[PDB]
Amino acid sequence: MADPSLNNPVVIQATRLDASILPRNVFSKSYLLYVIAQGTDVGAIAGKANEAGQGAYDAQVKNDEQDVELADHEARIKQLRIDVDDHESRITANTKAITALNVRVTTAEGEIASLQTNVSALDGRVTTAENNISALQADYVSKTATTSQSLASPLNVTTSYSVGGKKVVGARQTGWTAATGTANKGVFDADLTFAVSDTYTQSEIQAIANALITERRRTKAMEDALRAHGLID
């Protein structure tokens, strides 16, 4: 746009005369004022067409520079839409990420919990474990112990008990008929008091049998002693 010629005025004859250059005696008083006005009229008119043309050039000049800004406006709205668009995709891309992480922390809070609850059970179960093992180590009767280790119960074995690889006690000895009589308790020597007489006429003889009794009564002592244990009956 912007047409330069529109700004170029028409020049009109400067002359704005009168009865100086007018006839003398020919036309009406009124034609006089007319011709005269006629001249003023043409003049005011040429100035309108010049203002208009002026006015017109100016409105096209505004046009060319408003055009540059519309054009600039399109560029920035264009670039903003492209940015807005981009953004929309990313904000969405970020919101879906917050949510996807939400479920993972969530599930992983339930897991850490049942972790805490299960480590807990593991602890008291391992405590009474130690406790029980401790009990075991206080009284189990051991196979390497050098020292005597007693127990406050009775003991039953299987075949037999031994000492130093040799056996010394087996199952009970049956078939017995207990001895009756008094048991021998005290003084007793296996070395021969008694004996005789040679030919005799002094009887005694009692001596042999007196001792023989004390031999059976002491036998009723040993025998008895073993039965009370249980070695026999």
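In case it trips you up, residue 1 is the first one in the sequence shown, and so on.
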query	finding
Higher-B stretch (mean Cα B-factor, as the entry records it), 64-72 or 176-184	176-184
Between 124-132 and 101-109 (mean CA B-factor, as deposited), the higher	101-109
Deposited CA B-factor, highest of 41, 51, 198, 58	198
Record-listed C-alpha B factor of residue 85: chain third	middle
Third assignment of residue 14 from its chain's C-alpha B-factors	highest
Third assignment of residue 155 from its chain's C-alpha B-factors	lowest
Among modelled residues of the same chain, the CA temperature factor third for residue 24	highest
Residue 115 by Cα B-factor - lowest, middle or highest third of the modelled chain	lowest
